[PDB]
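See structure below.
Quick note: numbers below take in every heavy atom, side chains included, and nothing from hydrogens, waters or symmetry partners. One is the number of the first residue; the rest follow in order along the sequence.
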Amino acid sequence: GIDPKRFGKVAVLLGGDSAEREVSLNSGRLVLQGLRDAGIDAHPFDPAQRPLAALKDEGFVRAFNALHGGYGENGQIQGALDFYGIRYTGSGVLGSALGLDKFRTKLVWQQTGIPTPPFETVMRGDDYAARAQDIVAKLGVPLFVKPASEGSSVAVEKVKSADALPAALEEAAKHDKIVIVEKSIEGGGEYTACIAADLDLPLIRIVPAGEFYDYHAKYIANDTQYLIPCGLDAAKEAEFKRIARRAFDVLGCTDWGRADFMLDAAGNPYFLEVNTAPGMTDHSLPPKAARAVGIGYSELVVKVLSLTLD
Ligand SMILES: Nc1ncnc2c1ncn2[C@@H]1O[C@H](COP(=O)(O)O)[C@@H](O)[C@H]1O
Ligand SMILES: [Mg+2]
């Protein structure tokens, strides 16, 4: 119950130049309506088409970031907004940049007791056959080969056989100077924990129809399931929500986003990444998690924006 005047003049950052301009336009237009439904003085601002300095010059005090990919997510616009004195939703420079770097995220997690798949690295110019032998010996198969980060050119690959690993390594190393090779977490399920301020949001179980939550399962298929309830017992659900929040916090992220994790057959969790720029379309996961606990869309957006006060 915040007087919408306390928010002042608000920009919704949407659109941009990235390959995810269209999810951002969709999300941002809805966010904008959510804020205006609450009587907040909100206005769209597409940084690809307006000069960024206009945020300061036109007197905007804060921004709801609905950008996705590139400068909108990686710390670059975060830094510029801090430089221009504009408060914004989501994580600051370090958290944003670190969240997109799966290598350094996993190092920090390993040092701070956040569970994450065992992994090795391969560098461009390595003896890929030699590295493959050593990695299989340590981790077995299957393996996930992914950018250290991140997703730029070469899609995540599940390697099922030792003899296929050298080629997968060489190809991944052509498009990132650091490649992560993780043990495949098998025999459980896949989950995500949405984080929004102190809201108690339920876990979601992600059930791809195919091998893993690949591009096809995310963007092509209409049959990926996003399940609430997630199927876990109350104690485990509480435990994993707590670890998810610590996993975000230790990276310097602040509490808007999602933490993604796998369970093995024994029910142990292994975190894969954080996402500091989740979607806000009417089919996106944070609005679903919020609606499951009685929080509607406009309420959710207002709550996220409230974290920029004080
Ligand atoms: N180590 C892993 N074990 C099991 N599944 C994984 C692992 N890494 C990635 N995946 C799957 O691949 C998808 C995309 O990987 P990523 O973008 O790195 O999270 C994940 O959402 C999971 O479905
Ligand atoms: Mg993304």
**Asked** Any side-chain heavy atom of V10 within less than 4.5 Å of one from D41?
**Response** no
**Request:** Please determine, by modelled atom types, if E22 and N26 share a side-chain donor-acceptor pair under 3.5 angstrom.
**Result:** no
**Request:** Apply side-chain hydrogen bond (donor to acceptor under 3.5 Å, both in side chains) to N268 and list each qualifying residue two or more places apart in sequence or on a separate chain.
**Result:** none
**Message:** I'd like to check the ring-ring contact (aromatic ring centres under 6.0 Å, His included) partners of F83; sequence neighbours left out, ordered by chain and number.
**Reply:** none
**Prompt:** Linking I/L/V/M/F/W/Y whenever any side-chain heavy atoms sit under 4.5 Å apart, do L13 and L300 land together?
**Reply:** no
**Request:** Applying side chain to side chain contact (heavy atoms under 4.5 Å, CB included), run through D176 and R124 and close with a yes or a no.
**Result:** CA-CA 7 Å; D176 193 314; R124 181 177 297 153; 5.5 Å; no
**Item:** Atom of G15, atom of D46 and distance for their closest heavy-atom approach
**Value:** CA-OD2, 3.7 Å
**Message:** Here's a test for you: under salt bridge (charged side-chain N to carboxylate O under 4.0 Å, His left out), which of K241, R242, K236 qualifies with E239?
**Reply:** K236
**Spacing of CG belonging to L55 relative to CZ belonging to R50, to within rounding of 0.5 Å** = 7.5 Å
**Item:** Trace of the salt bridge (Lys or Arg N to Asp or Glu O under 4.0 Å) decision for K183 with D264
**Value:** CA-CA 11 Å; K183 180 189 173 51; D264 63 14; over 6 Å; no
**Complete:** Residues at least two apart in sequence or cross-chain that pass side-chain contact (heavy atoms from CB on, under 4.5 Å) with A217, listed by chain then number, are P208, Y213, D214, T224
**Asked** Yes or no on salt bridge (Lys or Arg N to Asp or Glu O under 4.0 Å) for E120 and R131, after CA distance, side-chain angles and deciding distance?
**Response** CA-CA 9 Å; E120 289 285 300; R131 293 292 300 112; 3.2 Å; yes
**Message:** Quick one, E211 with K160, criterion salt bridge (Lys or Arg N to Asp or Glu O under 4.0 Å). Give me CA distance, side-chain angles, the key distance, then yes/no.
**Reply:** CA-CA 11 Å; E211 185 100 47; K160 301 166 180 200; 2.5 Å; yes
**Distance-only side-chain donor-acceptor flag, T281 / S284, under 3.5 Å** = yes
**Item:** Audit row: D82, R87, salt bridge (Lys or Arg N to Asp or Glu O under 4.0 Å) steps and yes/no
**Value:** CA-CA 7 Å; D82 285 314; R87 288 167 177 234; over 6 Å; no
**Message:** With a 3.5 Å distance limit and no angle check, can you tell me whether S298 reaches the backbone of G34 through a side-chain donor-acceptor pair?
**Reply:** yes
**Request:** Measure up the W109 and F271 rings against each other and bin them: parallel (under 30°), tilted (30 to 60°), perpendicular (over 60°).
**Result:** perpendicular
**Request:** For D260 and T192, test the side chains for any donor-to-acceptor distance below 3.5 angstrom and give the result as yes or no.
**Result:** yes
